[PDB]
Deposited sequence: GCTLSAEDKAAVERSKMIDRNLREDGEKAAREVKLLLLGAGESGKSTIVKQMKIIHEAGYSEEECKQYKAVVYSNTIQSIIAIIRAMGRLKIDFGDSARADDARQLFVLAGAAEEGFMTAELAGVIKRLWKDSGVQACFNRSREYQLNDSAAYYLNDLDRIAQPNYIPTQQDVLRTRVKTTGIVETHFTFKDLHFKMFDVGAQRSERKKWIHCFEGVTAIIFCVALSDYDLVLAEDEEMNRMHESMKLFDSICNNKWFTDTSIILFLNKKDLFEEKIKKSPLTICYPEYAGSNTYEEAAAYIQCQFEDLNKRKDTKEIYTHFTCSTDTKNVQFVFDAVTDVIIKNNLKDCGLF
């Protein structure tokens, strides 16, 4: 009776202690979701913020433990596994500005920029990510600026009415990507232009995560 049941209860109590410790340790880390249109520059972002199934990358910045998850290798219906990331802190979205002059190889009719915009709209308007913020990275700034001097932007934006300059084209792209967001009151989008040499992306992600965690703490305290 006692000699076995009480030993089992002690084992269960030790298991409970270990489980609570592991849960706290996991809660210490910040979870991030990385998305992109195949080759929008995810590899660059990954190798920048650093000190076959899902790929998890751990990196620490300003004493804050990050846990970024890359799901591009799944190549399966996102609808059946997108709900797993309901609790991620923020979403890092990568888009290559050069996608305006490239057509999808599998389609040959739709531009890569349109596919990226569709994916961004699907992710933003997702019911699971209603409160999750998005960090939009517009990669390939230099290559996009170089190409704009030769290929007009109207190839993929027939409604575009502006000069063929980097500033106006980038502003138009950012406004288009931000307009897709419907819940502009609860959700906030942080847009930033990046290259292969700039390292300020980590500080941008850190600021976004700090804002998100401050909002979460205010909500938990009942202030927000």
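- Gaps between the deposited sequence and the modelled coordinates occur at 1-3, 55-180, listed in sequence order.
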